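Input: a single structure, listed below in structure tokens.
When a ligand or atom number is given, it counts from 1 through the structure's own listing order. The first residue of the sequence shown is numbered 1, and numbering continues consecutively from there.
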Amino acid sequence: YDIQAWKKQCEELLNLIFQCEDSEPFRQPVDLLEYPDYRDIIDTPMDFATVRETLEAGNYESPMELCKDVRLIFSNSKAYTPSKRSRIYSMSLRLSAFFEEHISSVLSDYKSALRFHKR
Ligand SMILES: NC(=O)c1cccc2c1OCCO2
């Protein structure tokens, strides 16, 4: 029932993601010189460094907010890819499966803690 425990849990999950080779294309904003049409397709860029900095600045109020920004990394990849068989898209699909497997208990525990506080 610790209402604050989600923040260190999210820090530790981001550490795991940064050690995974599949995260390398997504660690920093997409290079607009390498991909000059990116902003013709993608309205809101997102990357894992931006998520970690937002967390460390104290600008997420809940893990739901962090989870929305991480899911935007993956939806951007699915919208920008020219093929379902692209290398970088394949990497995002594996990394999304790993993230969803690990974020499930962080969300559950937070929502349980809030319900206990309200009881
Ligand atoms: N196939 C790709 O080039 C691509 C495919 C999916 C996501 C991307 C991609 O390139 C820029 C970074 O984000």
What one should report as the nearest heavy-atom pair of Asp22 and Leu95 is O-CD2, 4.2 Å
Is there a donor-acceptor contact under 3.5 Å linking the side chains of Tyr80 and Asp37? yes
Is there a donor in the side chain of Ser112 and an acceptor in the side chain of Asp109, or the other way round, less than 3.5 Å apart?
no
The protein residues that pass the under-4.0 Å heavy-atom test against ligand 1 are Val30, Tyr35, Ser77, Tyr80, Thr81, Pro82, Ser86, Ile88, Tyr89
With sequence neighbours left out, the residues meeting ring-ring contact (aromatic ring centres under 6.0 Å, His included) with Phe74 are none
Hits for ring-ring contact (aromatic ring centres under 6.0 Å, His included) against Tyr35, two or more places apart or cross-chain, chain-then-number order -> none
Hits for salt bridge (charged side-chain N to carboxylate O under 4.0 Å, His left out) against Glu100, two or more places apart or cross-chain, chain-then-number order -> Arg71
